[PDB]
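What follows is a set of notes on a single structure, which appears directly below.
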Amino acid sequence: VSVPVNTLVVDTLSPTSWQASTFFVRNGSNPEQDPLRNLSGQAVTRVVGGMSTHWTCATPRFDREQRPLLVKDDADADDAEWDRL
Amino acid sequence: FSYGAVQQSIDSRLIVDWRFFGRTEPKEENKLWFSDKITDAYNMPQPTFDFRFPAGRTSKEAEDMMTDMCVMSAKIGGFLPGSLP
Amino acid sequence: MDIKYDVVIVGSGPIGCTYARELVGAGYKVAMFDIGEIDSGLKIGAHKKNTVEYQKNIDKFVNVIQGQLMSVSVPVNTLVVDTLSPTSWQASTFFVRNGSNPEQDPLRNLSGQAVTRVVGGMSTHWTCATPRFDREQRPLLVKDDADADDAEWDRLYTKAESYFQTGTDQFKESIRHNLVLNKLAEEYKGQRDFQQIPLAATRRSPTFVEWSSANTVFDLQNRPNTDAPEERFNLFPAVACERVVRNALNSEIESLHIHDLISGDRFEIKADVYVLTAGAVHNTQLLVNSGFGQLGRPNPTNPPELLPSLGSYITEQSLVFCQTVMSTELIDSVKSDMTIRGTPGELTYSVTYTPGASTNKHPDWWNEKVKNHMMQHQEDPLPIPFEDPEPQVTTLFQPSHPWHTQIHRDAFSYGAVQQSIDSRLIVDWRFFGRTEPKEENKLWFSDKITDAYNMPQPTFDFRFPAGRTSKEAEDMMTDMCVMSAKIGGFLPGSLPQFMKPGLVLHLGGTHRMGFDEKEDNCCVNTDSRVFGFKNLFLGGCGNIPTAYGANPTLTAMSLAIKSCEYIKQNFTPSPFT
Amino acid sequence: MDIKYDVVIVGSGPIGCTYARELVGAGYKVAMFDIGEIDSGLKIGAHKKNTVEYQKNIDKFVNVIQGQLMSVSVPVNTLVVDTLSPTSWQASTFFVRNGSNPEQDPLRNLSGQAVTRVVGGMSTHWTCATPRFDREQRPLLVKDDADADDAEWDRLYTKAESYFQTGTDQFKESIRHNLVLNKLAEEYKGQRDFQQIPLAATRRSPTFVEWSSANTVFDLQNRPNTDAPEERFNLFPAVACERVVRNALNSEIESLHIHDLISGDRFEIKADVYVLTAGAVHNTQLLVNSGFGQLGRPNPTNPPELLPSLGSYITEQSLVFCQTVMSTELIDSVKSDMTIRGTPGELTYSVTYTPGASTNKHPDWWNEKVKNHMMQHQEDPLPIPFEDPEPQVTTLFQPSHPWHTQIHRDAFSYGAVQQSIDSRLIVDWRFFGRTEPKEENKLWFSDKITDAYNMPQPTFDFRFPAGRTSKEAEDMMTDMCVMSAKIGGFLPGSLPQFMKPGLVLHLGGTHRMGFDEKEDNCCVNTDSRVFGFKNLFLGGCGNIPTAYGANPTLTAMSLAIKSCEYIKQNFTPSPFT
Ligand SMILES: *Cc1cc2c(cc1C)nc1c(=O)[nH]c(=O)nc-1n2C[C@H](O)[C@H](O)[C@H](O)COP(=O)(O)OP(=O)(O)OC[C@H]1O[C@@H](n2cnc3c(N)ncnc32)[C@H](O)[C@@H]1O
Ligand SMILES: *Cc1cc2c(cc1C)nc1c(=O)[nH]c(=O)nc-1n2C[C@H](O)[C@H](O)[C@H](O)COP(=O)(O)OP(=O)(O)OC[C@H]1O[C@@H](n2cnc3c(N)ncnc32)[C@H](O)[C@@H]1O
Ligand SMILES: *Cc1cc2c(cc1C)nc1c(=O)[nH]c(=O)nc-1n2C[C@H](O)[C@H](O)[C@H](O)COP(=O)(O)OP(=O)(O)OC[C@H]1O[C@@H](n2cnc3c(N)ncnc32)[C@H](O)[C@@H]1O
């Protein structure tokens, strides 16, 4: 999703090879991205069916502690709604 | 996922994967934003993250979760070299 | 070189030097031989880490260690390299190459086992951790009286600690030491105690520690000299000791065969007393080469008649390792007493504390160090001073946690590239397991293959025993994972792992001690005297017959002292002449 | 320690020892200081590879080398480690960590540049290759007469070769040496010559070579002693030399400031003559710290008035490296004179040759070695004896191939795991380029940042110059690829590559020599005397002002001899008292 500017030093190039004076924006890096405040592993999938064409298929339910409320002031009604859905 | 590029020397029937998944507190400071100048490969505003795992419960739980995987996995077998916690 | 001495000692490690310290001081005419050479500077056998340069570049000492660890038994290499050019000569089989030992089953090895051949032995590079063994880890010196046994060990360990200059105070003003030790102390709810690792070392300044070594125990200078005009001692480096000559009755040693590696010549040396302190592996090799035990691949059909337990019941410790990166919680606690205002590097930034405030969590000395660092180095985001000494923490082996622990910074496993993570954040974790002695676990020597010194090639037949030893090793791994978590998360590239078997270099039981040769399946008695022999003694960790997790050298030293007392009681030094 | 000497020498490397050998022998009262300590055994400053153990375990010496190469300038680390636990303290920026130099542009560095602080300097670990420079690589000692210039260099190199014990015969009976050298000799069609690398070394036996070092040049023992009762010399290890004190006119040095690293105390030493031989980097540092050149980041707006060329025109060699695995063709040629019948290990197997047969391609000595190996070791598939010495081959720099070459086995780049490929098959290739001196290429020192000895932090501003130097480096890579192919294919994991800039450790021109300070953009004249100063001399590769590919030490030594001749011509030793 967002790849920061690469800062690896490669100093074993031949002297004839063209060589950067700075760590410039290369190879699809996002110059807006702080590499230390990223989700570097975040990725997206553009194919019909999306990520469900490759996913692990684990489909647990959320218990109350993890789950948004669908009914505000009635935990039993909220449970019933989530159970049905 | 994480089969990697060379053949396991350890018999596959012995190997078990452990993945523990933490919950993250929603915090206003944690953002997904889009550049007003940089675009992605589809000429759309470039996604940029400003993200850190929140410092309190979320971080404490993540580390307790790591420990929990270490304790639980030990009941089944030792770690596979190259796939350490 | 004379042809006759009162006492000959094979090996100039810290255990060989224990015998020299005791016996040279008692007026014996002593010769000492080492296959290795004088390395460490003009202080013979001294710690190589004791240069100003290494202590300013501590990341480099790992290389010194690796450069003198020569693998004991390397199996035939079976890696397939099929990307050679078609013109390159290529093997049709996995043949014996590059010093591999064809006797070695690669799956029953201690692949990490290594030896060090330099004057001072492994004490020229060691970590200097010298804990005592509690009863559960320790051989008996007195059979049926635990109080008397305790008294004996207390007396011997106390003297050994004096020889090594063991202390527990050298790191007391380290912020990083404190941070780790205090946190662990408060979390174990009174049920485990944390203290400084006992270290054979003397601090010389805030940034220099004189680590102890063989040289500390005995300075290894030839005598008579000006400082000791009535002592008699000669050290002969680059001399391979190859065989001791038994009489027919196996009741006396009559000679030691030596090989001068410089001239190439071979000689035989006569002594009243022969002391072998060549290390756990090489003591055993020298004895098998002398007709003790059995040369060649073991067989039950035909077990050896002389010292049948030699090279059996060997023990090595399981060792687990990781590194951590200090928690935000701990880093923040360093500066908990500070009032911090503004942003570092800006005109209005300040860091202050109130000296003596009862609400302060740290004493003035700490807060001074921290304030000054934070104000003088606003480019630096950490509150820990740059030259803060390393942590040196342990919780010692107990029944409820039967492993030794070191929570510290070791010169080893720095590796070849610079840490991107700040060093002040990094802490090493090494937990050390105890291994049950089992007859099937062996160190044996080939009757055909020889090592680089033309001596019978050492070969291991070793597996960690299946029951208690294995269960404890895995519980020990878990314990390191749980405990380390209280300090910080794992450092990527140093995740929790078992180290290569034997890399720990704590091998014992190869020539083990007991009261009765047959009943205790052993090789030397509690005077370290080889059973049946009047004048042959063995020193070193090879004597330790028990399952121990703590570092063995101090215990081996203590046994050596007891052995020297026997020698003093039974052999008369020659007239000074 | 006295406060007054005839001659003070800073640094106990082979160049410092050249000055000591010359000047101590000529009757001067000499003091020598080294920031490093006595390491190498009782032979002070001797080669660390000269132990019996290292020559039986040559794969281990790489660690000794790495353990004393301390990086000169390490840039701020920018590796992103984002797999830390959320509890671990984590940087918001790439701040100065772990001894990084914030002055250093990581893209204009010699990241491989390193220094060695031990008595004997880098000659305690070096490869010992001592070729002469041909005219094209060599500074002029005589301006307008090439024959006179040749004569001068011949005389100086001949003496330098005597000091180092340089020879070209120590490997002549190596089958592997022969195999490589013979093949290359026959393939270059008379247009390039191959010979043994000239090596500062004396063979002691078929399996031991005494490599030369500083100690070979001067044994470094304090004098007067029994072997030299009328000489005067003192060596002071663990003494950081920090500044020389100029007079106002910059025409004399009046004192040397020293720091005893053991006591911590600082002192000043007076001499008639001051010789700086602290290495190419550290000579320059000591001079900048003394007010020569310019401290701080260079600026053209304000160029230095004292020795403006100091730290400019620096040169380092491009270095390309690979290893090869010997061709089937070459391995087969080893045994070309043998009649081979049956299968190894079977009853009918035999390997025979006809001694003296004119059709034989090898002499009897070779065929004997090969037959006996093949018959005695039928488990082994190679015809090369196990203890066959390594290849040591070169074709020296020439106009048509303007690089030095070493085709050999170096103690370096053995790395941390055992070769699966048989060692007898492996050959190292190192080709060394010459670098044009350019004003923009600098070694400078921070006015704010200090190194571990509290001295101004060295910082490089270096790129290989774009034209001839770069074109040649790439042609040199190609030349190694073409030439190596005649011997074998590349060894996987050692493919052809440029080494990290400066890892070659052949830095020159930091305090360069010439005839005229202004016209030749230089710092010392042909007596190695600093321009304007009566009594300050510089020694080492920092003096070499030319683009050179061959290893510089012998040339630096030769210059040092010429410098000592000037000292002998102009300074009177003090009365022996
Ligand atoms: C990659 C992956 C994901 C995964 C997983 C294992 C892997 C290897 N395991 C999972 C599991 O065990 N249990 C589970 O609940 N989730 C697991 N996942 C994640 C899961 O696949 C996703 O949560 C799920 O697929 C999300 O579904 P959703 O329908 O919301 O989104 P999608 O699959 O990413 O599909 C979106 C589609 O939209 C198209 N797209 C994107 N942008 C545009 C625009 N601008 N215009 C038109 N179309 C667009 C994408 O092409 C994609 O197909
Ligand atoms: C390498 C190492 C070891 C070590 C350690 C860290 C490292 C990196 N940390 C330790 C620690 O913190 N606490 C501790 O108790 N031990 C630690 N060690 C292990 C320790 O160094 C050894 O236990 C200790 O040195 C053993 O002493 P010992 O005197 O018994 O043996 P040695 O040091 O190996 O010396 C033996 C000498 O004998 C010579 N030799 C070998 N064979 C021969 C023959 N055939 N002839 C003549 N001489 C011989 C060797 O050259 C050696 O010098
Ligand atoms: C590391 C290395 C070097 C090397 C080589 C292989 C390796 C692994 N192979 C070589 C080869 O085959 N042929 C050759 O010509 N050179 C090779 N080298 C390089 C060679 O070792 C050096 O060129 C040579 O040693 C340079 O000699 P020099 O005497 O000029 O300098 P030194 O050896 O670096 O010694 C300097 C001493 O000075 C002390 N010092 C440094 N600073 C101070 C201060 N401030 N005060 C007091 N003393 C100081 C150092 O401690 C060092 O001992």
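Every chain in the structure tokens takes a letter, A first, then B, and so on in the order presented; its residues are numbered from 1, and the ligands are numbered from 1 following the presented order.
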Residues of chain B within 6 Å of chain A, counting only C-alpha atoms - could you list those as a VMD selection string?
chain B and resid 48 to 52
Residues within 9 Å of residue 7 in chain A, only C-alpha atoms, excluding chain neighbours under 3 positions, as a PDB file with N, CA, C and O atoms, in the first residue's frame:
```
ATOM      1  N   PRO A   4       8.073   3.081   1.902  1.00  0.00           N
ATOM      2  CA  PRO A   4       8.817   4.325   2.082  1.00  0.00           C
ATOM      3  C   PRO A   4      10.061   4.385   1.180  1.00  0.00           C
ATOM      4  O   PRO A   4      10.440   3.375   0.570  1.00  0.00           O
ATOM      5  N   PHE A  23      19.261   9.747  -1.400  1.00  0.00           N
ATOM      6  CA  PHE A  23      18.250   8.687  -1.372  1.00  0.00           C
ATOM      7  C   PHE A  23      16.930   9.238  -1.941  1.00  0.00           C
ATOM      8  O   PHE A  23      16.028   9.708  -1.218  1.00  0.00           O
ATOM      9  N   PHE A  24      16.897   9.300  -3.274  1.00  0.00           N
ATOM     10  CA  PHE A  24      15.778   9.897  -3.982  1.00  0.00           C
ATOM     11  C   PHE A  24      14.606   8.913  -4.114  1.00  0.00           C
ATOM     12  O   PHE A  24      14.767   7.716  -3.911  1.00  0.00           O
TER      13      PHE A  24
ATOM     14  N   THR D  78      20.434   3.564   8.730  1.00  0.00           N
ATOM     15  CA  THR D  78      19.080   3.901   8.327  1.00  0.00           C
ATOM     16  C   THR D  78      18.202   2.685   8.031  1.00  0.00           C
ATOM     17  O   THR D  78      17.105   2.858   7.451  1.00  0.00           O
ATOM     18  N   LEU D  79      18.654   1.485   8.429  1.00  0.00           N
ATOM     19  CA  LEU D  79      17.835   0.255   8.298  1.00  0.00           C
ATOM     20  C   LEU D  79      16.539   0.349   9.095  1.00  0.00           C
ATOM     21  O   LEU D  79      16.564   0.691  10.272  1.00  0.00           O
ATOM     22  N   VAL D  80      15.410   0.021   8.479  1.00  0.00           N
ATOM     23  CA  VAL D  80      14.137   0.130   9.171  1.00  0.00           C
ATOM     24  C   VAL D  80      13.867  -1.211   9.841  1.00  0.00           C
ATOM     25  O   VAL D  80      13.793  -2.206   9.169  1.00  0.00           O
TER      26      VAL D  80
END
```
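Near ligand 1, at a distance of at most 10 Å and with only C-alpha atoms and all ligand atoms counted, sit the residues residues 42, 43, 44, 45, 46, 47, 48, 49, 50, 51, 52, 53, 54, 55, 56, 57, 58, 59, 60 and 61 of chain A; 1, 2, 42 and 44 of chain B.
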So that each row is one residue of chain C with an atom at most 12 Å from ligand 3, can you give its shortest atom pair and the distance in Å to one decimal, using only C-alpha atoms and all ligand atoms, rows by chain and rising number, as CSV?
```
residue,atom,partner,partner_atom_place_in_ligand_line,distance
C:51,CA,ligand 3,51 (O),11.9
C:52,CA,ligand 3,51 (O),11.2
C:53,CA,ligand 3,51 (O),9.3
```
Which of range 443-577 of chain D end up as strand (DSSP E or B) when DSSP is run on this backbone - answer as a ChimeraX atom specification?
/D:443-450,456-461,488-490,497-498,508,513,524,529-530,536-538
Restricting the output to N, CA and C atoms, write the selected residues as a PDB file, in the first residue's frame.
```pdb
ATOM      1  N   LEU D 443      40.171  13.356   3.201  1.00  0.00           N
ATOM      2  CA  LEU D 443      40.018  12.913   4.573  1.00  0.00           C
ATOM      3  C   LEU D 443      40.075  14.158   5.487  1.00  0.00           C
ATOM      4  N   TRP D 444      38.969  14.405   6.190  1.00  0.00           N
ATOM      5  CA  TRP D 444      38.864  15.582   7.072  1.00  0.00           C
ATOM      6  C   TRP D 444      38.395  15.153   8.459  1.00  0.00           C
ATOM      7  N   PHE D 445      38.420  16.070   9.441  1.00  0.00           N
ATOM      8  CA  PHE D 445      38.162  15.699  10.831  1.00  0.00           C
ATOM      9  C   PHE D 445      37.163  16.688  11.427  1.00  0.00           C
ATOM     10  N   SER D 446      36.191  16.172  12.172  1.00  0.00           N
ATOM     11  CA  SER D 446      35.107  17.002  12.684  1.00  0.00           C
ATOM     12  C   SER D 446      35.645  17.953  13.734  1.00  0.00           C
ATOM     13  N   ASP D 447      35.086  19.159  13.776  1.00  0.00           N
ATOM     14  CA  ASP D 447      35.401  20.104  14.846  1.00  0.00           C
ATOM     15  C   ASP D 447      34.468  19.906  16.059  1.00  0.00           C
ATOM     16  N   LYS D 448      33.581  18.914  16.007  1.00  0.00           N
ATOM     17  CA  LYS D 448      32.615  18.714  17.104  1.00  0.00           C
ATOM     18  C   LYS D 448      32.574  17.273  17.597  1.00  0.00           C
ATOM     19  N   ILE D 449      32.576  16.334  16.650  1.00  0.00           N
ATOM     20  CA  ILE D 449      32.476  14.904  16.935  1.00  0.00           C
ATOM     21  C   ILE D 449      33.876  14.343  17.209  1.00  0.00           C
ATOM     22  N   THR D 450      33.986  13.491  18.219  1.00  0.00           N
ATOM     23  CA  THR D 450      35.258  12.835  18.496  1.00  0.00           C
ATOM     24  C   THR D 450      35.134  11.304  18.463  1.00  0.00           C
ATOM     25  N   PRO D 456      39.548  14.309  17.102  1.00  0.00           N
ATOM     26  CA  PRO D 456      38.617  14.731  16.062  1.00  0.00           C
ATOM     27  C   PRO D 456      38.252  13.569  15.133  1.00  0.00           C
ATOM     28  N   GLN D 457      36.950  13.402  14.900  1.00  0.00           N
ATOM     29  CA  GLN D 457      36.418  12.225  14.208  1.00  0.00           C
ATOM     30  C   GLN D 457      36.754  12.247  12.715  1.00  0.00           C
ATOM     31  N   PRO D 458      37.462  11.213  12.224  1.00  0.00           N
ATOM     32  CA  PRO D 458      37.745  11.164  10.780  1.00  0.00           C
ATOM     33  C   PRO D 458      36.481  11.009   9.934  1.00  0.00           C
ATOM     34  N   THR D 459      36.440  11.745   8.827  1.00  0.00           N
ATOM     35  CA  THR D 459      35.303  11.726   7.926  1.00  0.00           C
ATOM     36  C   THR D 459      35.855  11.712   6.494  1.00  0.00           C
ATOM     37  N   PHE D 460      35.312  10.840   5.653  1.00  0.00           N
ATOM     38  CA  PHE D 460      35.750  10.780   4.250  1.00  0.00           C
ATOM     39  C   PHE D 460      34.797  11.557   3.368  1.00  0.00           C
ATOM     40  N   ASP D 461      35.341  12.219   2.348  1.00  0.00           N
ATOM     41  CA  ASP D 461      34.542  12.714   1.236  1.00  0.00           C
ATOM     42  C   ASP D 461      35.259  12.155   0.008  1.00  0.00           C
ATOM     43  N   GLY D 488      39.202 -22.073 -13.504  1.00  0.00           N
ATOM     44  CA  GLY D 488      38.013 -22.753 -13.022  1.00  0.00           C
ATOM     45  C   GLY D 488      36.840 -21.803 -13.047  1.00  0.00           C
ATOM     46  N   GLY D 489      35.643 -22.338 -12.839  1.00  0.00           N
ATOM     47  CA  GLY D 489      34.453 -21.476 -12.684  1.00  0.00           C
ATOM     48  C   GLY D 489      34.429 -20.833 -11.309  1.00  0.00           C
ATOM     49  N   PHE D 490      33.622 -19.785 -11.153  1.00  0.00           N
ATOM     50  CA  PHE D 490      33.450 -19.139  -9.841  1.00  0.00           C
ATOM     51  C   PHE D 490      32.841 -20.083  -8.811  1.00  0.00           C
ATOM     52  N   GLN D 497      32.933  -9.485  -7.608  1.00  0.00           N
ATOM     53  CA  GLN D 497      32.316  -8.337  -6.941  1.00  0.00           C
ATOM     54  C   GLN D 497      33.370  -7.339  -6.582  1.00  0.00           C
ATOM     55  N   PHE D 498      32.942  -6.096  -6.492  1.00  0.00           N
ATOM     56  CA  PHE D 498      33.768  -5.060  -5.904  1.00  0.00           C
ATOM     57  C   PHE D 498      33.628  -5.178  -4.387  1.00  0.00           C
ATOM     58  N   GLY D 508      46.324   5.951   0.394  1.00  0.00           N
ATOM     59  CA  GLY D 508      47.556   6.720   0.261  1.00  0.00           C
ATOM     60  C   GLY D 508      47.201   8.164   0.074  1.00  0.00           C
ATOM     61  N   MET D 513      53.796  13.173  -0.759  1.00  0.00           N
ATOM     62  CA  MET D 513      55.154  13.614  -1.073  1.00  0.00           C
ATOM     63  C   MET D 513      55.241  14.326  -2.429  1.00  0.00           C
ATOM     64  N   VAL D 524      55.071  16.681   2.207  1.00  0.00           N
ATOM     65  CA  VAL D 524      56.439  16.333   2.576  1.00  0.00           C
ATOM     66  C   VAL D 524      57.314  16.288   1.315  1.00  0.00           C
ATOM     67  N   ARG D 529      60.316  14.976   4.901  1.00  0.00           N
ATOM     68  CA  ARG D 529      60.320  16.074   5.841  1.00  0.00           C
ATOM     69  C   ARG D 529      59.107  16.962   5.536  1.00  0.00           C
ATOM     70  N   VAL D 530      58.352  17.371   6.566  1.00  0.00           N
ATOM     71  CA  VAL D 530      57.198  18.254   6.324  1.00  0.00           C
ATOM     72  C   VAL D 530      57.749  19.627   5.863  1.00  0.00           C
ATOM     73  N   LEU D 536      60.427  17.593  11.662  1.00  0.00           N
ATOM     74  CA  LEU D 536      59.204  16.787  11.636  1.00  0.00           C
ATOM     75  C   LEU D 536      59.173  15.959  10.353  1.00  0.00           C
ATOM     76  N   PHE D 537      59.019  14.644  10.511  1.00  0.00           N
ATOM     77  CA  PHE D 537      59.016  13.699   9.387  1.00  0.00           C
ATOM     78  C   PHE D 537      57.762  12.827   9.460  1.00  0.00           C
ATOM     79  N   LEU D 538      57.228  12.465   8.295  1.00  0.00           N
ATOM     80  CA  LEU D 538      56.066  11.580   8.204  1.00  0.00           C
ATOM     81  C   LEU D 538      56.448  10.318   7.477  1.00  0.00           C
TER      82      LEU D 538
END
```
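Between chain A and the candidates D:66, D:318, D:137, D:285, the tightest atom-to-atom separation, counting only C-alpha atoms, involves D:318.
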Using only C-alpha atoms, determine which residues of chain B fall within 7 Å of chain C; present them as a compact mmCIF listing (two decimals) with N, CA, C and O atoms, in the first residue's frame.
```
# COMPACT_ATOMS: atom_id res chain seq x y z
N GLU B 63 2.38 -7.89 23.95
CA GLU B 63 3.56 -8.54 24.47
C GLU B 63 3.12 -9.73 25.31
O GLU B 63 3.73 -10.78 25.24
N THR B 67 4.08 -13.80 24.72
CA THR B 67 4.43 -14.72 25.79
C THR B 67 3.49 -15.91 25.78
O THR B 67 3.94 -17.07 25.89
N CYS B 70 4.43 -18.32 23.19
CA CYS B 70 5.61 -19.07 23.61
C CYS B 70 5.28 -20.17 24.63
O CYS B 70 5.81 -21.28 24.55
N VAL B 71 4.42 -19.86 25.60
CA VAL B 71 4.03 -20.82 26.64
C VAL B 71 3.20 -21.96 26.04
O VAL B 71 3.42 -23.14 26.37
N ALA B 74 5.00 -24.38 23.45
CA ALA B 74 5.92 -25.29 24.17
C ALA B 74 5.28 -26.64 24.56
O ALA B 74 6.00 -27.62 24.73
N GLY B 78 9.14 -27.81 20.41
CA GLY B 78 10.05 -26.65 20.36
C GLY B 78 9.88 -25.88 19.06
O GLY B 78 9.36 -26.41 18.09
N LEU B 84 11.32 -18.74 14.21
CA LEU B 84 11.29 -18.47 15.65
C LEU B 84 10.20 -17.42 15.99
O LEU B 84 9.72 -16.69 15.10
N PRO B 85 9.78 -17.33 17.25
CA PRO B 85 8.71 -16.37 17.62
C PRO B 85 9.09 -14.91 17.30
O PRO B 85 10.17 -14.44 17.66
```
One decimal, in Å: what's the spacing between CA of residue 88 in chain C and CA of residue 59 in chain D?
22.4 Å
Chain A contacts to chain D at 7 Å (only C-alpha atoms) as a VMD selection string
chain A and resid 7 to 8 11 to 16 21 36
Residues within 7 Å of ligand 2, counting only C-alpha atoms and all ligand atoms, as a PyMOL selection string
chain C and resi 10-16+33-36+65+69+115-123+125-130+239-242+277-280+282-283+286+412+505-506+539-541+551-554
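With the cut-off set to 6 Å and only C-alpha atoms counted, chain C residues close to chain D are residues 38, 39, 40, 41, 60, 63, 64, 67, 77, 85, 87, 88, 89, 97, 325, 326, 327, 328, 420, 422, 488 and 489 of chain C.
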